[PDB]
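Undergrad: Pasting a structure below so you can have a look.
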Protein chains: 2
Amino acid sequence: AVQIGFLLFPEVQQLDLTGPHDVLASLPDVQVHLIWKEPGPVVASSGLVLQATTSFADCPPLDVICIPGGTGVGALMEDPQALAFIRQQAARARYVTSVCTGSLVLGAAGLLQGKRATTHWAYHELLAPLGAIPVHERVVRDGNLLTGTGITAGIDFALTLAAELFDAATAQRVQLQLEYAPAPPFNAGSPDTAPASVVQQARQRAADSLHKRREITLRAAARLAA
Amino acid sequence: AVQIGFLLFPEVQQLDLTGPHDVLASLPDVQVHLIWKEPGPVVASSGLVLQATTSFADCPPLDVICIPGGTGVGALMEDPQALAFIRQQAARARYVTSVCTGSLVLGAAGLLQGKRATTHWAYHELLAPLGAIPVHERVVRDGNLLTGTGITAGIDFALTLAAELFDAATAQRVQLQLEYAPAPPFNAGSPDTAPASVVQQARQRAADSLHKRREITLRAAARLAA
C-alpha cells in the first residue's frame, strides 16, 4: 500500500490539500494521512474545519509527502518540530511535493538548497534566500522534488504521480472517473496574463504578508547558514 | 453579506464542495454555510471528515445554494427532509447550482422539470426521467439554474458567480490571488477524448452504481408524478 501524507496545519489554504487528496484517495492500494502534532481538528484559513488523522510520532514512513500552502506557512517556517519531521520523511520518500507557498516550508527545512523550485507569484523573491534556483514555471521538477503553483497544482501533479506510481492508463481512468477537464471563464491566473490594474490590486493586498515573510525568511536562512 | 450554502452529506465527493468553498470564501462580504440535519462531523466518500456549521432549521435564506455530488447522492434522492429544504431555498435563491451528480438531487427535488441540465457522464441517462432536457456540455445555465460537470466545475462557475455578484475585476483578482491556471497532464477527462479502453474500464466500474441509481431514479420520478 503506497503511503501518502499531507501536512495539515492551522491557517492552511485547504484546497491546496483537498484537491490532490480526493484524486490520490481514488487510487487502489493507497493510504492517505493528514498529519499534524496530534490527531484532531485543524482550522483552515477560510474557517473550514478539517481533522488530522495522525501525529508526527505515529506517521508511517511515507512514499509521497505533500506540503500545502496558506497563511499558516509563516508559523511553520519557524516550527522546529514540523521542519524536523519534513526532513526525516523527505530522506526516504519517493516524491517530495508542495503546492503554492508550501515550497517556502520546504525551503525553511533546507530541502531547496541548490534545487530548481517555484512558489506563489507574489512570494517568488523568497526562494533565492532559501538556497533555491528560482524558476517561473507552473510545475518544476528536480529529481524527486516537485513544486507547483496554483491552488489546484496538486490535482494536476497528482495525475502525474498516479501515472508514475501505477501507469498512464490508471491516471487516465481516474481523470475520466472525475470528469476532470477544467475551463476557467477568465484568463487572469498569472501576473503575465491578468490586466495590469488587477495585478496592482493583488500585489497591494499581499504587501503586508510579503513584508512579514521577508523577516521570517531571513531568520530561516540564518538557521540554514548555521 | 451574500449568503452561500453547500449541502454537506455523508459520502459526499468532498472536492465538489471544497473547491468552490475556498474560491467563494475569498470574496468580501460573503458568509459560507455547510448545511446538514445538525451541525457536526460528516464523512466524505474518501474518509475525509468535514464539519457542518448549521442545521436545515437554522440556515438563513441563501442567495446561492450549491449541491455537490458523490456516492451519497442515492440516499439524498429519497431524503424528504433534504429535498424539502432544497425546494424552500431554491424558491428565493438568486442561483441554484450543482456539481457532478448533485444535479440528480435537484432532479429528485423537482427543480429540473422542463430545464436544460447536465450531470456526470456515466449517469447522464438519468436526467430525462427526472423531467430535464439533457445537455452534453460542461456548464449548462437555464435561468437561475447552473449545473456543471467535473469534480472542479464549482471552481470555474464560482468565478462566473463572483463576476455577476460583484464585477469582472473582482473575479479576475480572486483568480490571480489563487494563481488558478490549470493544465492537466492528460486529456482523458471526457468519454469523447479518453481512449476507448479507458472508457470501458470506467463504465464497467460504474455499472453497479448506475443499476442502483436507475431504481432510485424511478421511485423519485414516481413521487414527482404524484
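By convention here, the chains of the C-alpha cells are called A, B, ... in the order presented, each chain's residues are numbered starting at 1, and ligands are numbered starting at 1 in the order presented.
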Give me, as an NGL selection string, the residues of chain A touching chain B, with the criterion being at most 7 Å (counting only C-alpha atoms).
TA: :A and (15 or 18-19 or 22 or 25 or 46 or 49-51 or 149-152 or 156 or 159-160 or 169 or 172-173 or 175-186 or 188-191 or 198 or 202)
Undergrad: Could I have chain B as a short mmCIF file (atom, residue, chain, number, x, y, z; two decimals) with C-alpha atoms, in the first residue's frame after it is superimposed on chain A by least squares, pairing all C-alpha atoms in sequence order?
TA:
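Here's the written file out-v5.cif:
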```cif
data_model
loop_
_atom_site.label_atom_id
_atom_site.label_comp_id
_atom_site.auth_asym_id
_atom_site.auth_seq_id
_atom_site.Cartn_x
_atom_site.Cartn_y
_atom_site.Cartn_z
CA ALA B 1 0.00 0.00 0.00
CA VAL B 2 1.51 3.37 -1.14
CA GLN B 3 1.64 5.75 1.90
CA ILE B 4 0.78 9.38 1.02
CA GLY B 5 0.90 12.15 3.63
CA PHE B 6 -0.27 15.76 3.69
CA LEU B 7 0.83 18.23 6.35
CA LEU B 8 -2.32 19.76 7.84
CA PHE B 9 -1.66 22.96 9.85
CA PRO B 10 -3.67 25.90 11.21
CA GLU B 11 -4.46 28.53 8.54
CA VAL B 12 -3.73 26.10 5.65
CA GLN B 13 -5.23 27.00 2.26
CA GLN B 14 -7.46 23.92 2.32
CA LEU B 15 -7.93 23.48 -1.45
CA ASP B 16 -4.15 23.11 -1.83
CA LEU B 17 -4.63 19.84 0.21
CA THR B 18 -8.20 18.71 -0.52
CA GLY B 19 -7.72 18.70 -4.32
CA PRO B 20 -4.83 16.19 -4.51
CA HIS B 21 -6.32 14.28 -1.51
CA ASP B 22 -9.54 13.40 -3.42
CA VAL B 23 -7.56 12.44 -6.58
CA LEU B 24 -4.94 10.26 -4.82
CA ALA B 25 -7.60 8.70 -2.47
CA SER B 26 -9.32 7.41 -5.70
CA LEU B 27 -6.27 5.11 -6.48
CA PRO B 28 -6.14 1.44 -5.46
CA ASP B 29 -3.72 0.36 -2.70
CA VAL B 30 -3.14 3.93 -1.36
CA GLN B 31 -3.43 5.07 2.30
CA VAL B 32 -3.67 8.86 2.76
CA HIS B 33 -2.68 10.56 6.05
CA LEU B 34 -3.43 14.07 7.32
CA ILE B 35 -0.51 14.82 9.64
CA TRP B 36 -0.16 17.30 12.49
CA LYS B 37 1.25 17.30 16.04
CA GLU B 38 -1.76 15.26 17.27
CA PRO B 39 -4.90 13.87 15.63
CA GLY B 40 -7.86 16.25 15.94
CA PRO B 41 -9.39 19.41 14.49
CA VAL B 42 -7.30 21.86 12.44
CA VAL B 43 -8.90 25.06 11.09
CA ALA B 44 -8.12 26.22 7.52
CA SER B 45 -7.74 29.90 6.65
CA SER B 46 -11.37 30.02 5.40
CA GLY B 47 -12.72 28.65 8.72
CA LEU B 48 -13.31 25.16 7.24
CA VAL B 49 -12.55 22.59 9.98
CA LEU B 50 -10.51 19.54 8.94
CA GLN B 51 -9.32 16.59 11.02
CA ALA B 52 -5.71 15.38 11.29
CA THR B 53 -5.56 11.55 11.34
CA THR B 54 -2.06 11.03 12.75
CA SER B 55 0.68 12.61 14.83
CA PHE B 56 4.29 13.14 13.67
CA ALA B 57 5.44 10.32 16.00
CA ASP B 58 2.84 7.78 14.74
CA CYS B 59 3.05 8.58 10.99
CA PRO B 60 4.37 5.63 8.93
CA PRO B 61 7.31 6.09 6.51
CA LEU B 62 5.76 7.95 3.53
CA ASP B 63 6.24 7.25 -0.18
CA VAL B 64 4.83 10.73 -1.01
CA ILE B 65 4.84 13.82 1.25
CA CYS B 66 2.90 16.93 0.19
CA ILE B 67 3.18 20.37 1.85
CA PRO B 68 0.23 22.67 1.11
CA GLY B 69 0.45 26.46 1.39
CA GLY B 70 -1.62 29.17 3.03
CA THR B 71 -1.47 31.99 5.56
CA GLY B 72 -0.20 29.47 8.12
CA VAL B 73 3.11 28.91 6.23
CA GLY B 74 4.82 31.75 8.17
CA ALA B 75 4.48 29.96 11.55
CA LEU B 76 5.55 26.59 10.02
CA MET B 77 8.77 28.12 8.60
CA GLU B 78 9.94 28.53 12.24
CA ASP B 79 8.38 25.36 13.76
CA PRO B 80 11.37 23.14 14.58
CA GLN B 81 9.16 20.07 15.23
CA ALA B 82 7.43 20.35 11.83
CA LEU B 83 10.68 21.08 9.95
CA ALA B 84 12.44 18.06 11.56
CA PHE B 85 9.50 15.78 10.60
CA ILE B 86 9.62 17.03 6.97
CA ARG B 87 13.40 16.42 6.78
CA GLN B 88 13.02 12.87 8.25
CA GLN B 89 10.26 11.91 5.77
CA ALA B 90 11.96 13.58 2.75
CA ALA B 91 15.12 11.43 3.33
CA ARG B 92 13.35 8.19 2.18
CA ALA B 93 10.25 9.47 0.27
CA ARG B 94 9.99 8.65 -3.45
CA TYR B 95 8.34 12.10 -4.01
CA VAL B 96 8.63 15.34 -2.02
CA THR B 97 5.98 17.78 -3.23
CA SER B 98 4.45 21.16 -2.43
CA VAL B 99 1.63 23.44 -3.58
CA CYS B 100 1.86 27.24 -3.72
CA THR B 101 3.65 28.72 -0.63
CA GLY B 102 4.22 25.17 0.70
CA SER B 103 7.60 25.35 -1.12
CA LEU B 104 8.66 28.07 1.38
CA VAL B 105 8.29 25.42 4.13
CA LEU B 106 10.49 23.01 2.12
CA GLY B 107 12.91 25.97 1.79
CA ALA B 108 12.94 26.61 5.56
CA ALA B 109 13.62 22.86 6.08
CA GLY B 110 16.75 23.16 3.86
CA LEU B 111 15.31 20.91 1.11
CA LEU B 112 15.58 23.52 -1.73
CA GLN B 113 19.34 24.20 -1.38
CA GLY B 114 20.73 24.04 -4.96
CA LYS B 115 17.32 22.87 -6.31
CA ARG B 116 15.08 24.36 -9.03
CA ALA B 117 11.74 25.36 -7.50
CA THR B 118 8.72 27.63 -7.83
CA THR B 119 6.19 29.16 -5.42
CA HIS B 120 3.25 31.60 -5.49
CA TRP B 121 3.98 34.54 -7.79
CA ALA B 122 3.67 37.19 -5.02
CA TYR B 123 6.31 35.45 -2.83
CA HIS B 124 8.71 34.21 -5.58
CA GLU B 125 11.54 36.55 -4.40
CA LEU B 126 11.80 34.50 -1.15
CA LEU B 127 13.13 31.34 -2.92
CA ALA B 128 16.72 32.58 -3.59
CA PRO B 129 17.48 33.41 0.09
CA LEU B 130 16.47 29.79 0.97
CA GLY B 131 19.13 28.50 -1.49
CA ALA B 132 16.78 27.63 -4.40
CA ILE B 133 17.26 28.29 -8.11
CA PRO B 134 14.00 30.20 -8.76
CA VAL B 135 12.03 29.06 -11.84
CA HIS B 136 8.90 30.81 -13.22
CA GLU B 137 7.03 27.66 -14.38
CA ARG B 138 3.80 26.12 -13.02
CA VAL B 139 5.38 22.71 -12.17
CA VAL B 140 9.13 22.38 -11.52
CA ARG B 141 10.80 19.00 -11.05
CA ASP B 142 14.32 18.48 -9.72
CA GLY B 143 14.98 14.80 -9.03
CA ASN B 144 12.29 13.60 -6.58
CA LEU B 145 11.19 17.20 -5.75
CA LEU B 146 8.06 18.60 -7.40
CA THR B 147 6.91 22.15 -6.63
CA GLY B 148 3.76 23.57 -8.21
CA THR B 149 1.91 26.90 -8.40
CA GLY B 150 -1.81 27.47 -8.28
CA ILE B 151 -4.37 26.44 -5.70
CA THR B 152 -5.09 23.31 -7.89
CA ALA B 153 -1.44 22.42 -8.80
CA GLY B 154 -1.81 19.27 -6.69
CA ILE B 155 -4.75 18.00 -8.78
CA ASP B 156 -2.59 18.17 -11.95
CA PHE B 157 0.59 16.74 -10.40
CA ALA B 158 -1.47 14.03 -8.62
CA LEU B 159 -2.29 12.67 -12.12
CA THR B 160 1.47 12.70 -12.95
CA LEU B 161 2.17 10.80 -9.66
CA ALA B 162 -0.61 8.31 -10.46
CA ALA B 163 0.97 7.59 -13.90
CA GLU B 164 4.46 7.03 -12.37
CA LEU B 165 3.33 5.03 -9.27
CA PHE B 166 0.92 2.89 -11.39
CA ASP B 167 0.67 3.52 -15.19
CA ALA B 168 -0.73 6.08 -17.71
CA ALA B 169 -3.99 4.05 -18.14
CA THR B 170 -4.63 4.27 -14.35
CA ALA B 171 -4.10 8.08 -14.38
CA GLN B 172 -6.39 8.42 -17.44
CA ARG B 173 -9.09 6.26 -15.74
CA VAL B 174 -9.05 8.48 -12.62
CA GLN B 175 -9.24 11.64 -14.77
CA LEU B 176 -12.27 10.22 -16.65
CA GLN B 177 -13.99 8.96 -13.46
CA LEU B 178 -13.70 12.51 -12.05
CA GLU B 179 -14.65 14.08 -15.49
CA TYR B 180 -11.70 16.46 -14.86
CA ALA B 181 -11.47 18.93 -17.76
CA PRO B 182 -11.12 22.49 -16.39
CA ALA B 183 -12.10 25.58 -18.44
CA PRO B 184 -11.71 28.78 -16.42
CA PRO B 185 -14.05 31.61 -17.54
CA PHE B 186 -11.24 34.22 -17.14
CA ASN B 187 -7.52 34.24 -18.10
CA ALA B 188 -6.17 36.15 -15.05
CA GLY B 189 -4.38 33.25 -13.29
CA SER B 190 -0.85 34.63 -13.93
CA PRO B 191 0.61 38.12 -13.46
CA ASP B 192 1.68 37.80 -17.17
CA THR B 193 -1.97 37.37 -18.41
CA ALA B 194 -4.04 39.38 -15.87
CA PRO B 195 -4.80 43.08 -16.52
CA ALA B 196 -2.15 45.42 -15.01
CA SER B 197 -4.86 47.04 -12.77
CA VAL B 198 -5.70 43.60 -11.30
CA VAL B 199 -2.02 42.75 -10.73
CA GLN B 200 -1.70 46.08 -8.80
CA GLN B 201 -4.76 45.28 -6.57
CA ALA B 202 -3.36 41.78 -5.86
CA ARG B 203 0.22 43.00 -5.09
CA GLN B 204 -1.08 45.77 -2.76
CA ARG B 205 -3.27 43.20 -0.87
CA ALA B 206 -0.22 40.84 -0.47
CA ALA B 207 2.23 43.59 0.62
CA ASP B 208 1.82 43.25 4.47
CA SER B 209 2.15 39.42 4.22
CA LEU B 210 5.23 39.66 1.95
CA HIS B 211 6.88 42.14 4.42
CA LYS B 212 6.34 39.74 7.35
CA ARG B 213 7.54 36.75 5.30
CA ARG B 214 10.75 38.62 4.30
CA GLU B 215 11.56 38.84 8.06
CA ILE B 216 10.70 35.16 8.69
CA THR B 217 12.66 34.04 5.60
CA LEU B 218 15.83 35.84 6.77
CA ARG B 219 15.64 34.14 10.21
CA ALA B 220 15.03 30.76 8.49
CA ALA B 221 18.03 31.38 6.19
CA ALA B 222 20.22 32.22 9.22
CA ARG B 223 19.35 28.80 10.73
CA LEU B 224 20.37 27.10 7.43
CA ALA B 225 23.67 29.11 7.47
CA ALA B 226 24.45 27.52 10.93
#
```
Undergrad: So which bits of range 22-186 of chain A end up alpha helix (DSSP H) when you DSSP the backbone, as an MDAnalysis selection string?
TA: chainID A and resid 22:24 73:76 80:92 102:108 153:165 168:177
Undergrad: Take the residues just selected and output them with N, CA and C atoms as a short mmCIF file (atom, residue, chain, number, x, y, z; two decimals), in the first residue's frame.
TA:
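The resulting part.cif:
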```cif
data_model
loop_
_atom_site.label_atom_id
_atom_site.label_comp_id
_atom_site.auth_asym_id
_atom_site.auth_seq_id
_atom_site.Cartn_x
_atom_site.Cartn_y
_atom_site.Cartn_z
N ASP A 22 -8.39 14.14 -2.85
CA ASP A 22 -9.54 13.40 -3.42
C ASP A 22 -9.05 12.61 -4.65
N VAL A 23 -8.10 13.15 -5.41
CA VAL A 23 -7.56 12.44 -6.58
C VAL A 23 -6.79 11.20 -6.13
N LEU A 24 -5.84 11.37 -5.22
CA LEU A 24 -4.94 10.26 -4.82
C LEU A 24 -5.75 9.21 -4.03
N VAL A 73 1.71 29.25 6.62
CA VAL A 73 3.11 28.91 6.23
C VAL A 73 4.11 29.68 7.09
N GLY A 74 3.83 30.94 7.45
CA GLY A 74 4.82 31.75 8.17
C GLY A 74 5.20 31.11 9.50
N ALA A 75 4.22 30.62 10.26
CA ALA A 75 4.48 29.96 11.55
C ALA A 75 5.27 28.67 11.31
N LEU A 76 4.89 27.89 10.29
CA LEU A 76 5.55 26.59 10.02
C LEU A 76 7.03 26.80 9.71
N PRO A 80 10.29 24.11 14.69
CA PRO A 80 11.37 23.14 14.58
C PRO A 80 10.86 21.70 14.54
N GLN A 81 9.75 21.43 15.21
CA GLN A 81 9.16 20.07 15.23
C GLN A 81 8.68 19.70 13.82
N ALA A 82 7.95 20.60 13.18
CA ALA A 82 7.43 20.35 11.83
C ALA A 82 8.60 20.22 10.84
N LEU A 83 9.58 21.11 10.94
CA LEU A 83 10.68 21.08 9.95
C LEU A 83 11.46 19.77 10.10
N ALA A 84 11.69 19.32 11.34
CA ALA A 84 12.44 18.06 11.56
C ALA A 84 11.66 16.88 10.98
N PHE A 85 10.35 16.85 11.17
CA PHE A 85 9.50 15.78 10.60
C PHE A 85 9.63 15.76 9.07
N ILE A 86 9.53 16.93 8.44
CA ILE A 86 9.62 17.03 6.97
C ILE A 86 10.98 16.52 6.50
N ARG A 87 12.06 16.91 7.18
CA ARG A 87 13.40 16.42 6.78
C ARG A 87 13.48 14.89 6.92
N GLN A 88 12.96 14.34 8.01
CA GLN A 88 13.02 12.87 8.25
C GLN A 88 12.29 12.15 7.12
N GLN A 89 11.08 12.60 6.79
CA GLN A 89 10.26 11.91 5.77
C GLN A 89 10.87 12.10 4.38
N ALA A 90 11.42 13.28 4.09
CA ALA A 90 11.96 13.58 2.75
C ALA A 90 13.16 12.68 2.45
N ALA A 91 13.89 12.23 3.48
CA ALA A 91 15.12 11.43 3.33
C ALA A 91 14.84 10.15 2.54
N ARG A 92 13.68 9.52 2.74
CA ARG A 92 13.35 8.19 2.18
C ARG A 92 12.14 8.26 1.24
N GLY A 102 3.62 26.33 0.03
CA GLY A 102 4.22 25.17 0.70
C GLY A 102 5.69 25.03 0.38
N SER A 103 6.16 25.47 -0.79
CA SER A 103 7.60 25.35 -1.12
C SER A 103 8.45 26.22 -0.18
N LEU A 104 7.88 27.26 0.42
CA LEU A 104 8.66 28.07 1.38
C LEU A 104 8.96 27.25 2.63
N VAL A 105 8.06 26.32 2.98
CA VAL A 105 8.29 25.42 4.13
C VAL A 105 9.41 24.45 3.77
N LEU A 106 9.38 23.87 2.57
CA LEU A 106 10.49 23.01 2.12
C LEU A 106 11.79 23.83 2.14
N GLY A 107 11.73 25.09 1.75
CA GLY A 107 12.91 25.97 1.79
C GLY A 107 13.43 26.14 3.20
N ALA A 108 12.54 26.44 4.15
CA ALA A 108 12.94 26.61 5.56
C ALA A 108 13.54 25.32 6.13
N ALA A 153 -2.66 23.10 -8.29
CA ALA A 153 -1.44 22.42 -8.80
C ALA A 153 -1.44 20.96 -8.41
N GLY A 154 -1.86 20.65 -7.19
CA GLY A 154 -1.81 19.27 -6.69
C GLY A 154 -2.77 18.34 -7.41
N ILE A 155 -3.87 18.85 -7.96
CA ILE A 155 -4.75 18.00 -8.78
C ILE A 155 -3.97 17.54 -10.01
N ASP A 156 -3.33 18.48 -10.71
CA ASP A 156 -2.59 18.17 -11.95
C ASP A 156 -1.41 17.26 -11.64
N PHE A 157 -0.61 17.58 -10.63
CA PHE A 157 0.59 16.74 -10.40
C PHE A 157 0.20 15.42 -9.75
N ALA A 158 -0.97 15.32 -9.12
CA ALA A 158 -1.47 14.03 -8.62
C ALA A 158 -1.70 13.05 -9.78
N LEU A 159 -2.12 13.54 -10.94
CA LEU A 159 -2.29 12.67 -12.12
C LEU A 159 -0.93 12.21 -12.63
N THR A 160 0.07 13.09 -12.61
CA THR A 160 1.47 12.70 -12.95
C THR A 160 1.94 11.61 -11.97
N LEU A 161 1.72 11.79 -10.67
CA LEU A 161 2.17 10.80 -9.66
C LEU A 161 1.44 9.49 -9.88
N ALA A 162 0.16 9.53 -10.21
CA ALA A 162 -0.61 8.31 -10.46
C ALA A 162 0.01 7.52 -11.62
N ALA A 163 0.41 8.22 -12.68
CA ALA A 163 0.97 7.59 -13.90
C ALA A 163 2.31 6.94 -13.57
N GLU A 164 3.10 7.55 -12.69
CA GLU A 164 4.46 7.03 -12.37
C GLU A 164 4.39 5.94 -11.31
N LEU A 165 3.49 6.05 -10.34
CA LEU A 165 3.33 5.03 -9.27
C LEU A 165 2.65 3.79 -9.84
N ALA A 168 0.03 5.01 -17.02
CA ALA A 168 -0.73 6.08 -17.71
C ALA A 168 -2.22 5.71 -17.75
N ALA A 169 -2.57 4.46 -18.02
CA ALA A 169 -3.99 4.05 -18.14
C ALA A 169 -4.70 4.28 -16.81
N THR A 170 -4.02 4.07 -15.69
CA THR A 170 -4.63 4.27 -14.35
C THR A 170 -4.91 5.77 -14.16
N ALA A 171 -3.95 6.62 -14.49
CA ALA A 171 -4.10 8.08 -14.38
C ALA A 171 -5.25 8.54 -15.28
N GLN A 172 -5.32 8.02 -16.50
CA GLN A 172 -6.39 8.42 -17.44
C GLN A 172 -7.75 7.99 -16.89
N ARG A 173 -7.83 6.78 -16.33
CA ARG A 173 -9.09 6.26 -15.74
C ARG A 173 -9.57 7.20 -14.64
N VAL A 174 -8.67 7.58 -13.74
CA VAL A 174 -9.05 8.48 -12.62
C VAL A 174 -9.53 9.82 -13.18
N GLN A 175 -8.82 10.37 -14.15
CA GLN A 175 -9.24 11.64 -14.77
C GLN A 175 -10.66 11.51 -15.34
N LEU A 176 -10.94 10.41 -16.04
CA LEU A 176 -12.27 10.22 -16.65
C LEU A 176 -13.33 10.01 -15.57
N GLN A 177 -13.03 9.21 -14.56
CA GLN A 177 -13.99 8.96 -13.46
C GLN A 177 -14.40 10.29 -12.84
#
```
Undergrad: From a backbone DSSP assignment, name each residue in range 8-218 of chain A labelled strand (DSSP E or B), as a count of residues only.
TA: 36
